[PDB]
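> A structural model of the following input is requested.
(one chain, ligands or ions: 1)
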Amino acid sequence: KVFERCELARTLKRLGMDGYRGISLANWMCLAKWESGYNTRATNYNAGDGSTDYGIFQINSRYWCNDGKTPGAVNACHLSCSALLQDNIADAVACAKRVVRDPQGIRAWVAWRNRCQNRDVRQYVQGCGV
Ligand code: NA
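Residues are numbered from 1 along each chain as shown. Structure as follows:
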């Protein structure tokens, strides 16, 4: 599923993302935009370490989910990476929350640092009623 902007804004809000561990909704929106273009079945293979980035938040298999084919990986979110390719994003949101509970927080994603950090991201939620 490829979400419309405001459609995603309200979906994330209903899932408890607005201000989670201090991260505004607009930051979560900006992250999803640059990571996947709001596409829940987006995937990216990294031949180097045999890992794959899954879903709307492009969460990596070396640490967060199990796909069975990533050498010496772990499963911190305790989910099959398939759960991160569902049209319903509740499981992906639970995993993104687990990711930010680590030391780096939202900085865990390099795309956030490049396209969202030190910028006014309010434009991602403007007009969505959130
Ligand atoms: Na894994």
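> Which residue does this structure have closest to the ion?
residue 73 (3.3 Å; Cβ to the ion). Any C-beta I mention is one placed from the backbone N, CA and C, and that applies to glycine too.
> Chain neighbours aside, what residue packs nearest to that residue?
Using Cβ to Cβ, 6 or more residues apart in numbering and skipping the chain neighbours, the partner closest in space to residue 73 is residue 62 (4.7 Å).
> ok, the one you found touching residue 52?
No. Counting by Cβ atoms under 8 Å, residue 62 stays clear of residue 52, with 9.1 Å between them.
> which residues do these two both contact?
residue 70 (Cβ atoms under 8 Å, 6 or more residues apart in numbering).
> Could you tell me the phi and psi values at residue 66?
With angles defined as degrees, to the nearest 10, residue 66 sits at phi -100, psi 120.
> how many neighbours does it have?
For residue 66, the count of nearby residues is 18 (other Cβ atoms under 10 Å).
> again, but for residue 97
With other Cβ under 10 Å as criterion, residue 97 counts 16.
> Okay, the residue nearest the centre of the chain and residue 71: tell me how far apart.
Among the residues of the chain, the one closest to the centroid is residue 57, at 2.2 Å (Cα atoms, centre = their mean). For residue 57, the distance to residue 71 equals 23 Å [Cβ to Cβ, to the nearest Å].
> and what of residue 64?
15 Å.
> Tell me who's in contact with the residue nearest to the centre of the chain.
Counting by Cβ under 8 Å, 6+ apart, the residues that residue 57 touches are 31-32, 35-36, 84, 92, 95-96, 99, 109.
> now the strands for the protein?
43-46, 51-54, 59-60 (DSSP state E).
> Against which helices or strands is the first one packed?
When contacts are defined as 3 or more Cβ pairs under 8 Å, 6 or more residues apart in numbering; DSSP states H and E, strand 43-46 packs onto strand 51-54.
> Any idea how many residues pack against the residue nearest to residue 33 when sequence neighbours are not counted?
In space, and not counting its chain neighbours, residue 33 is closest to residue 124: 6.7 Å by Cβ to Cβ, 6+ apart. Close neighbours of residue 124, defined as other Cβ under 10 Å, add up to 22.
> Brilliant, that's me finished.
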